[PDB]
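Residue numbers (the authors' numbering): 7 to 133.
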């Protein structure tokens with residue numbers, strides 16, 4: 007199942023932190039955008055024009071807080087920039103920033119961070 011392949015990449019990268027193979031397979035599979043829900047650890051990978059891959063992990067739900075702040079986002083990415091810390095912690099602070107919709111649109115080279123009310127919190131170039 008193609009869902010298994012995608013999920014396994016994320017399962018590893020959360021703690022492994024290798025970005026080359028991660029981003030390589032990203033552009034080599036996800037030619038459009040994936041919608042990552044930090045609320046359920048569920049990911050809507052909408053491919054080029056192929057199909058939508060739905061991942062399901064960390065079955066607990068509600069790991070996000072409705073506290074939409076843009077600075078908490080940039081501070082967390084700055085931390086990732088320097089030490090890279092851990093991908094799981096990176097998303098923990100993002101969930102605390104009210105990021106419900108992790109929409110990485112590779113097709114446009116943007117990573118959009120939306121709150122539940124679909125307001126644009128922040129965005130960055132995926133590199």
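C-beta atoms are modelled at their ideal positions from N, C-alpha and C, and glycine is treated no differently.
Let me check one thing: in DSSP terms, what residues is residue i bridge-paired to?
i           : result
residue 128 : 119
residue 41  : 50, 109
residue 60  : 50
Quick check on the burial criterion: 16 or more other C-beta atoms within 10 angstroms. Buried or exposed for residue i?
i           : result
residue 47  : buried
residue 12  : buried
residue 51  : buried
residue 100 : buried
residue 76  : exposed
Check whether the Cβ atoms of residue i and residue j lie closer than 8 Å to each other.
i           : j           : result
residue 119 : residue 79  : yes
residue 60  : residue 70  : no
residue 10  : residue 113 : no
residue 137 : residue 93  : Any answer about residue 137 is impossible in this case: the structure gives the chain only from 7 up to 133.
residue 2   : residue 106 : This structure does not reach residue 2, given that the chain is present from 7 up to 133, and the question cannot be answered.
residue 102 : residue 73  : yes
residue 108 : residue 29  : no
residue 121 : residue 40  : no
residue 88  : residue 130 : no
Rounded C-beta distance between residue i and residue j? I'm assuming under 8 Å.
i          : j          : result
residue 63 : residue 17 : 7 Å
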